[PDB]
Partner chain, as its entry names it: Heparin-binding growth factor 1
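Coming up is one lone chain in structure tokens, specifically the form solved without the partner chain.
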């Protein structure tokens, strides 16, 4: 019973536009399921998002399908996309961040 990825709690993904004041913490989530367990990765404005891309780097919490960025700064604005994959499929969702 192998299966493509799918989102398990779309309610937490409803709100796509987030305006947050510098230097708060932002936490984005893409709760998913599938079999085998899909891997998760994040892109910032369509390109692979790596630790070395912002001073504070970020924490990815695998069991929670979440991306966490502490003390956001203006250069943190942009589109954040989670890409969830296994051999039976690849799915994505994009959040937009505005640092006030």
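Residue numbers count along the first chain shown, from 1.
Quick note: we don't show the form solved in complex with the partner chain, though the next part is all about it.
Taking the partner from elsewhere, every residue among 15, 22 and 100 has a non-hydrogen atom within 4.5 angstroms of the partner chain in the entry with it bound. In the entry with it bound, the partner chain stays beyond 4.5 Å of every heavy atom belonging to residue 47.
In the entry with it bound, the residues of 51-66 lying within 4.5 Å of the partner chain by at least one heavy atom are, in order, 61, 63, 64.
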